[PDB]
Amino acid sequence: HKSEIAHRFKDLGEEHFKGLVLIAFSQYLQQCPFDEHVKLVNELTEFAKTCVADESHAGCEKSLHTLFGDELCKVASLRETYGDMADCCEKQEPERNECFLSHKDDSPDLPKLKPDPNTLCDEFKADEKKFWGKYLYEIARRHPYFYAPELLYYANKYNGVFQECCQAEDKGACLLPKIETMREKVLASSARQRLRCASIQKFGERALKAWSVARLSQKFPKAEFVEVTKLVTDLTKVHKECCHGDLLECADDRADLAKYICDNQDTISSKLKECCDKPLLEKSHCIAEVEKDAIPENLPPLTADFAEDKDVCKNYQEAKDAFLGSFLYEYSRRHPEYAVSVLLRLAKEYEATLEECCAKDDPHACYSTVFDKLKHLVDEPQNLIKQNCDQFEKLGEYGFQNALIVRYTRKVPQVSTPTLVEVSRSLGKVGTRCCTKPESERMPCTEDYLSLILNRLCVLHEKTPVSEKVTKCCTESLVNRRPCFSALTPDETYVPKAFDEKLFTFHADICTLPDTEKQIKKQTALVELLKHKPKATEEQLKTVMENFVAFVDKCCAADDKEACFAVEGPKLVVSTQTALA
Ligand SMILES: CN(C)c1ccc2cc(/C=C/c3cc[n+](C)cc3)ccc2c1
Ligand SMILES: CN(C)c1ccc2cc(/C=C/c3cc[n+](C)cc3)ccc2c1
Ligand SMILES: CN(C)c1ccc2cc(/C=C/c3cc[n+](C)cc3)ccc2c1
């Protein structure tokens, strides 16, 4: 086992090999053209084939990141295009590789793909392998933290849609509904992975480890604790390597894990038979999306192991993370109706109970009643969903977006405008994704997605920190972000923004831009409105909104759009400044 490059090549095969290397280069250099990365992939691939033939050949024993870093440093346009990135190549390993990772851009400013089915189906028949790569390069360059083995899965189902749609009479009718159903899933998968990496890089291995204990024991209530711990150890390693750019080691270990569980179905879960007959990529995705198993019939009451035992303090101190891991497992298995975001909050609260109770001279009097305290955590969110689902159904998606945009801009005005827009749009979609579900399931849906969206706000905010209120809730804890943001109030410590005419001038292009761009442009001007008038009441904001709708509709219809915006524009500013100031 003397050549890491050869060990990886043999295990995944050339096609997967080229795929993940193109991913790694796409996430490292997101602005570099597609063709330049293919040569890098092709060059490194031939060298790998040389090492499989001869392992004693020069350079075959070097670490993966070295070879990757070596080829990255030869890019003639490294400095002039990525700036300070070009000083990474002055470092040794592993400080050099860490210098690259720190430059992954979560807001790459990349154009928005407008796929046209005619030219797109033409590119597929031209070369089925090249089109496969183009999707890889385009998805990975806008999401540099994507779970790489899943991107290949999405890439195969991509060509699969084309395989069946480019042969129909109405291509457009076949392609566009399938790809949009996919586009939502890949963004949801990118946000999930971005939160997993955020856990380790900002809260430690124990944070991602405890997340796996939650979901696994939830999905696999039959597997005993020793079995769950085994899967957790290897799964956390899989995510640890993927989040660290160790894509080749990540995929290989995901394949090794998917192989282990299928050969151990009887001791894990009974709903994996169908999941364990698909090919490699399909199988692993099936495993992650598998239905949960049935709760055992005669489970001992939770109070037994963690409340009345006169040795809870003893068993805790000897193996804290193991004793706590046992608690999450026992609680996650018996309660699959809880959201993951909820269960770790119960374990984190139980942890805080043990540290302080065992300090007291009579810990037994202190921790025996912890479950009464814990039971009260589940009901605290319960009324937030209702107030949000009622507002939701009343105003609708688009109106609900502007509702939170108004509410949350008043809470954290210092945040930059493109962030408040993007985040407030995603939060409103949680209504369409959760408030139509059954009532007793509306709360698990919300908290799950909220933790994926609030992590985006933090991820976008830690790059350019401008708000202390946001930094506090993002770094205090990983589980209590949703209550920490919901508990924020509009503070009178924020000075309103000075008036900017350019942020309220409109042109005839508003009648041309795509629908998403029309709404984003309108919501961007809305955010700037509150940054200037943070205390404008809801009745006045209602007035301005209708005045702006009538403004846009009027001028998108006249014979001369330019002269209409010319005249009516200033009029709107006057009436708005009068009504609000
Ligand atoms: C796609 N491809 C070329 C291949 C070919 C062969 C592969 C073998 C293994 C494990 C092989 C083994 C190793 C050790 N024992 C005791 C049994 C089996 C894993 C992935 C593979 C991938
Ligand atoms: C465009 N498209 C639908 C298709 C169809 C079939 C494809 C097969 C491969 C081979 C993958 C492999 C090759 C060699 N070993 C040892 C294992 C796996 C790669 C991409 C494909 C793309
Ligand atoms: C406090 N409570 C038990 C609840 C809960 C949910 C409720 C929903 C509605 C529907 C409101 C609507 C009606 C029609 N459109 C088109 C949208 C929304 C009315 C009262 C409610 C009262």
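We number chain A the way Swiss-Prot does; in order, the residues shown are 27-607.
Technique stated in the header: X-ray crystallography, 3.9 Å.
Just so it is clear, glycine is given a Cβ too, placed from its N, Cα and C backbone atoms.
There are 12 other Cβ atoms within 10 Å of the Cβ belonging to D282 (Ca(2+) 2 binding site). Among the features that Swiss-Prot reports, Ca(2+) 2 binding site is placed at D37, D278, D282.
Residues or ranges marked as domain 'Albumin 3' in Swiss-Prot (evidence: sequence analysis): 403-600.
Feature annotation from Swiss-Prot assigns glycation site to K151; the stated evidence is experimental evidence. Taking the Cβ of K151 (glycation site) as reference, residues of its chain lying under 8 Å away and at least six apart in sequence are, in sequence order, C192. A helical conformation is recorded for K151 (glycation site) in the three-state DSSP classification.
Taking Cβ-Cβ distances under 8 Å and a sequence separation of 6 or more, the neighbours of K228 (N6-succinyllysine) in its chain are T501, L504. In the three-state DSSP assignment, the secondary structure recorded for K228 (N6-succinyllysine) is helix. What Swiss-Prot lists as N6-succinyllysine is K228 (among others).
In sequence order, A534, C537, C581 are the residues of the chain that are 6 or more apart from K587 (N6-succinyllysine) and have a CB within less than 8 Å of its CB. The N6-succinyllysine annotation in Swiss-Prot covers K587 (among others).
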Residue among binding-site residues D37, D278 with least C-beta crowding, 10 angstrom cut-off: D37
Sequence-ordered recorded positions from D37, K151, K228, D278, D282, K587 with Cβ under 6 Å of an atom of ligand 1: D37
Additional residues surrounding Ca(2+) 2, by Cβ distance to the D37, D278, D282 centre under 8 Å: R34, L38, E275, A277, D279, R280, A281
